[PDB]
Structures are given as structure tokens and as C-alpha cells.
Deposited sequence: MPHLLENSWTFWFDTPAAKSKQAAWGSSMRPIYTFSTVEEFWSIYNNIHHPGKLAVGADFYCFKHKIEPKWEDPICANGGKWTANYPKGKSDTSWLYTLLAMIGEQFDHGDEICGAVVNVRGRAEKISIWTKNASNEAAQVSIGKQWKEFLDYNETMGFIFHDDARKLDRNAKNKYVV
């Protein structure tokens, strides 16, 4: 098969699970960890894609052993680039984000922690979570390259997790 440079883990945080939640994200579940190109397709095409997820669902794909959390120590000093999509219109962009990540396509790919798609009421969001937020040059490269991979033709912002940790403002914009 075709071994990936890294192992990745799919997590769901479902509305149902959130309903039972003790704290934010305590509900998040690692569903599956894949290590090859073929194993990716195997699990990916057998799970819910954002266009078929209920409002409130968060769907993650993160490097193995990284928790998708501000307070995860690998994530702590990082941030996120965010793209916005209309309801039901993010599936293909979700996929390319994933294939770009697992294929290690980003020039500055070492900073990459993972991505998430957030299914909401009016729209859907995709964010890439990165590691070394203060490395503007890295983050700016990544975001620019992500637009290119997505053919996203709108401005996108990078928000530091620190700052996050709704009145959080974009530190960078591409």
C-alpha cells in the first residue's frame, strides 16, 4: 500500500454527545486512526461527510495523538485558518483539505496539527489548525497554499488559540 508520512485520527463531536457533555469537548470521540492512503479511503467513504451531518456536528482529522484542543500542548501555541462554505457545499473542499494534509502537500507542513469541519445552522466552516502561530511566515504560506488548494477566493483569517482561549480577532489575513 501507500504509507502516509503520518498517522491521522478521525474524531466526531456529535450533537447527541454534546447533549450529555460535562465540559466543552469532553464528548469528542476518536473513531479511527489510519496510516495508509488506501485505509484513508476505506474509512473516509464509510463515514458521514459534512453535507449529511446534523447542525452542531464537528468532524476532525488530526495527526495521531494530537487532541483537537486549544489546551492540547502541541496545539497550545498555535492557531487556525478558517474558510466558510454554504450549507451542503463543503464536502469537496473538506476532502481536498484532507488529501492536502495527509499527502503532506504543504510547504510548511510540519506546523499542521489537523483540520475540522463545523456544521452549523447558516453555514459550514473548515479550519486548519497549526502549531507555531508566531511564525507568521509559516502560517501565511500555509493559508495561501490552502486557498490555492481549495480555489477559495475570499479573504481568510488566522486566529491564535491563545486569543481564542468570539471576541477573538484575526492576527493574519490572506
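Engineer: Missing C-alpha stretches, by deposited numbering?
Structural biologist: Missing CA coords at 1, 167 to 169.
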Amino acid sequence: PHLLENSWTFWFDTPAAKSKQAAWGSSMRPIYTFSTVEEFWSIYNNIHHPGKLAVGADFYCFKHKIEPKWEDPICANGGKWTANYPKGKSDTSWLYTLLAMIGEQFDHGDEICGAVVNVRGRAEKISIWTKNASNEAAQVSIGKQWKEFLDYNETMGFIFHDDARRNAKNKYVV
From here on, numbers count along this sequence of modelled residues.
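Engineer: Using only the Cα atoms and their B-factors as the entry lists them, report which of 34 to 42 and 145 to 153 averages higher.
Structural biologist: Averaged over C-alpha atoms, the B-factors run higher in 145 to 153.
Engineer: Relative to the other modelled residues in the chain, which third contains the C-alpha temperature factor of residue 129: lowest, middle or highest?
Structural biologist: Its C-alpha B-factor belongs to the lowest third of this chain's values.
Engineer: Relative to the other modelled residues of the same chain, rank the CA B-factor of residue 73 and answer lowest, middle or highest third.
Structural biologist: Highest third, going by the recorded CA B-factors of the chain.
Engineer: Divide the modelled residues of the chain into thirds by Cα B-factor and specify which third, lowest, middle or highest, holds residue 112.
Structural biologist: According to the entry, residue 112 has a C-alpha B-factor in the chain's middle third.
Engineer: In terms of the chain's CA B-factor thirds, is residue 120 lowest, middle or highest?
Structural biologist: It belongs to the lowest third of the chain when residues are ordered by C-alpha B-factor.
Engineer: Ranking every modelled residue in this chain by its Cα temperature factor as given in the entry, which third contains residue 28?
Structural biologist: Top third by C-alpha B-factor.
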